[PDB]
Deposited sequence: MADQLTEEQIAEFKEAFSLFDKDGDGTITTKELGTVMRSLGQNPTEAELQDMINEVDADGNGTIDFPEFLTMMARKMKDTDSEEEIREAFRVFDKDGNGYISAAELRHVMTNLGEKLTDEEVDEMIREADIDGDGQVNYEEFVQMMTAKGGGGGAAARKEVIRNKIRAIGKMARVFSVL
């Protein structure tokens, strides 16, 4: 659990980006100014929701350690949504927005992932929420977010493909 003196400076930099007056805390106003500069236009209310999720001491503002938490939570969530999406892309050959049992079977076999056709058929059956025989994005996401589970092995194979697809391409 070390800590590079640089990595610290970076969190300091992210923090100062929000704390304009530099008193050590992040007020809603401050969060908003930044938020707008990036895109969204959250309401005095929507902003408060962000604070609460990290407000450890519940004093209304965001201190460095709390921001640190928020920072991480989002770094993880953002990184995740990206590799899952990237993976979806790698599977949805035709790009029509679905993943036919063919697309799935082929990719997994072409990567030397070694998965019995049954396991692949099972994978689909389980992810197929609406039962249309294919996997849409929502259903793919769910599958990568959810006992006698060897489905965990499959998820790790897929997370790697996603991560790889990003890192490279």
Would you list the gaps, meaning deposited-sequence stretches without C-alpha coordinates, in the order they occur?
1-2, 149-154, 178-179
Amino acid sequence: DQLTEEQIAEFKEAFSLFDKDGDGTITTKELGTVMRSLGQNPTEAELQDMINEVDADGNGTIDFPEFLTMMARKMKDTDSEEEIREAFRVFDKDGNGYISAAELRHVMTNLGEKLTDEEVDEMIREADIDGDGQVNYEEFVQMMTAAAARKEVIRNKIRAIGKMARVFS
From here on, numbers count along this sequence of modelled residues.
The stretch whose C-alpha atoms carry the larger average B-factor in the entry, 113-121 or 131-139, is 113-121
Quick check: 66-74 versus 52-60, which has the larger average CA B-factor in the record?
52-60
Whose CA atom has the top B-factor in the entry, of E46, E103, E126, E30?
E46
Relative to the other modelled residues of the same chain, rank the CA B-factor of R150 and answer lowest, middle or highest third.
highest
Chain thirds by Cα B factor, record data; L3 belongs to the highest
